[PDB]
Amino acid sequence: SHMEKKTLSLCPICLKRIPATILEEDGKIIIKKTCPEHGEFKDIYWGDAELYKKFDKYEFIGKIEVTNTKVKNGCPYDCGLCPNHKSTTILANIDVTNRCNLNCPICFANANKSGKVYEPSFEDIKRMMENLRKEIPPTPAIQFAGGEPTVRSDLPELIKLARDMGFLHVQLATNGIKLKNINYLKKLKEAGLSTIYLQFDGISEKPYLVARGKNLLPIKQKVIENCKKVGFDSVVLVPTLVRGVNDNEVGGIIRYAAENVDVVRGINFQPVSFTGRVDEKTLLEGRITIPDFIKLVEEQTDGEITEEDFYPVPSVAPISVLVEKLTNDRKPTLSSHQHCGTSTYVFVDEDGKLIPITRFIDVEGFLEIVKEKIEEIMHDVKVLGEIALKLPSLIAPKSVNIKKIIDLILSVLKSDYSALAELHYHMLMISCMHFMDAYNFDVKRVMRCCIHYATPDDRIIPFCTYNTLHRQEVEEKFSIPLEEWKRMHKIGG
């Protein structure tokens, strides 16, 4: 064995803060911890030690300025955001309901299993948005979740509100069932929705039977069909990855998304996180980590995408630092922990093969130049020109006009969000974020968390502490018993 780090974790029994050791063992990264009352625990932290060490070099420590709570009990008990948090809200979640038209066996929110209805008012949601916009820099992206947001009749008005509040990106996490109605999808599109974060467990029926309790695959494909018909070209497929259920369909999901790249902008795989409601078989067997996913991509894409093509999230953090000094304005920085997730971008050519952007562009060299020019940054245009002149030396699909890609990359360096958006329409994002549970919790990771829930009590809580420590507290305070809520609201709320 070989000790890598010391950190703090949580006891899976009593959720107490306990010491933890991260160590290399048989080519894998495991985490060991000891609760003074419940003994010692062991879990797989990362399935590949070599990729763990490689990602460790992209560490980036951010900074916050606007807080909502104070230091009282220490991390992870002071969410949030307390003075010791190291990242501002990049993507915010607002749970608009705990009601749902499904009853999935796997659900980190554990919806419908409380006998109480949590549905913040339009005015509560606007106040939560104001808290998010008060940050420095203001939160640029917001996602409605739950729960199933489409069971609220005012969801189009909520989407319009997010646009009126200044959010550049408005996202909808949904099972997509109500989106089989093409007129409703039109209402969401006209309301200003940016992206549909679509639950999508596989390309065959069995993953939906195991994870959702029924075959939703025809409904999923109908949603994709309706998105083509109305021109909604920003869909992200979200497979909950479970070993023994859909780890064999990683390539199939990618290939199906590539066939529909006109509407599908990405696939964000989510390894099953043992929070909320998990069936006893998935809880015991289906533990999979980020490098295990990277291995599945390389195996099930026949080498088209390799482990060299995947980068951690904070690798692009210096890009925001460069634009920040280039414009003298605070920019949202992807300062999450290097072991929270990974991503790559691929182009789809004529035959259908997948060319990662790392295949024909020296991304590691581009980031190297960006880091070099941060110290040096009339001279700023020369720096941009030097970058513009050094970009051809770091460069491929024939159907890709590489000259417009260069212009969009350089425009992104000028805080041009519309260039960032247009650049994503040329590519297919393949990513994976592994949310922590009580078994693999790492305080050093969650301190840099960039994905936060806005709560009705004026707090902003990192995703991984909210779903392990805070969700029941918050929802119970602001919920109404089901029997009384039904008798005071219509089916739409």
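Sequential numbering from 1, following the sequence displayed.
According to the PDB entry, the deposited sequence runs on from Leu102 to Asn103 with no residue lacking coordinates between them. The entry models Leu389 and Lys390 with no unmodelled deposited residue separating them. Between 212-220 and 130-138, it is 212-220 that carries the larger average Cα temperature factor according to the deposited entry. Taking only CA atoms, the mean B-factor in the PDB entry is higher for 318-326 than for the other of 163-171 and 318-326. Across the options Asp233, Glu119, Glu280, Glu157, the residue with the most elevated CA B-factor in the record is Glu280. Annotation for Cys82, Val313, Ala421, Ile294: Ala421 ranks highest, by Cα B-factor. Ranked within its chain, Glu476 lands in the middle third, by CA B factor from the PDB record.
For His426, the recorded CA temperature factor ranks within the highest third of the chain's modelled residues.
Sorting the modelled residues of the chain by their CA temperature factor places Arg255 in the middle third. Remark: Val151 belongs to the middle third of its chain, ranked by C-alpha B-factor as recorded. Split the chain's modelled residues into thirds by C-alpha temperature factor. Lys486 is in the middle one.
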